[PDB]
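Participant: Quick one: the structure is below, and I'll ask about it shortly.
Every read-out reported here was derived from the displayed coordinates using simple, explicitly stated rules and does not represent laboratory data.
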Amino acid sequence: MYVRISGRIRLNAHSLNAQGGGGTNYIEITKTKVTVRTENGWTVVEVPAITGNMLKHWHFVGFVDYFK
RNA sequence: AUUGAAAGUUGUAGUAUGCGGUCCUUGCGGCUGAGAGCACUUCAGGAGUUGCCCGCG
């Protein structure tokens, strides 16, 4: 009933969660600022990240697909 | 069940099409491994020796 799952998954060669595309025929991906250790330094980096809402929508799609 | 609650930044799209690393080109011509050269010089198969011994067509 009450289940919680957490882990690491490897994926590559994707354009998931495009950052609203772009006017000049250039479609980018949503970016995220991340703070991390750099041997006594709080450095910040730019990484791709899929939003929770997209996973929500896909879960709803899967649920309605199986409930048919 | 937190001013949170519902939520795809979504769907469709070939950097693609024709385009010779191409045509000519001797690793080519001349060139004595040749001339001189004793397997030569010395040399006994050699020295001894009863077909031996008996004999009535």
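Participant: Do you know the relative contact order of chain A, to the nearest whole percent, from alpha carbon pairs under 8 angstrom that are 6+ apart?
Facilitator: 19
Participant: Per DSSP H run of n ≥ 4, the term is -39500 (n - 2.57); total these for chain A, divide by its residue number, and report the mean residue ellipticity at 222 nm rounded to 500 deg cm²/dmol.
Facilitator: Calculated at 222 nm, the ellipticity per residue is -8000 deg cm²/dmol.
Participant: HN-Hα J couplings of the range A:30-42 from phi, Karplus 6.51/-1.76/1.60, θ = phi - 60°, integer Hz, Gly and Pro as x?
Facilitator: 4, 10, 9, 7, 10, 8, 8, 5, 9, 6, 6, x, 9
Participant: Which whole-Hz ³J(HN,Hα) couplings does the range A:10-27 yield from phi under the Karplus relation 6.51 cos²θ - 1.76 cosθ + 1.60, θ = phi - 60°, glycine and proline marked x?
Facilitator: For the range A:10-27, the Karplus-derived couplings read 9, 8, 8, 6, 9, 10, 5, 6, 4, 7, x, x, x, x, 8, 6, 10, 9 Hz, x marking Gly and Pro.
Participant: Let me ask something else. Expressed as an acute angle from 0 to 90° and rounded to the nearest 10, what is the orientation of the C-alpha long axis of helix A:52-67 relative to the principal long axis of chain A?
Facilitator: 20
Participant: Another question, then. Considering amide H positions built from the backbone, and no H for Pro or chain starts, which residues 5 or more places from A:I29, or on another chain, come under 5 Å of its amide H?
Facilitator: A:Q19
Participant: Mean shadow of chain A, computed from the convex hull of its alpha carbons, in nm²?
Facilitator: Hull-based average projected area comes out at 8.4 nm².
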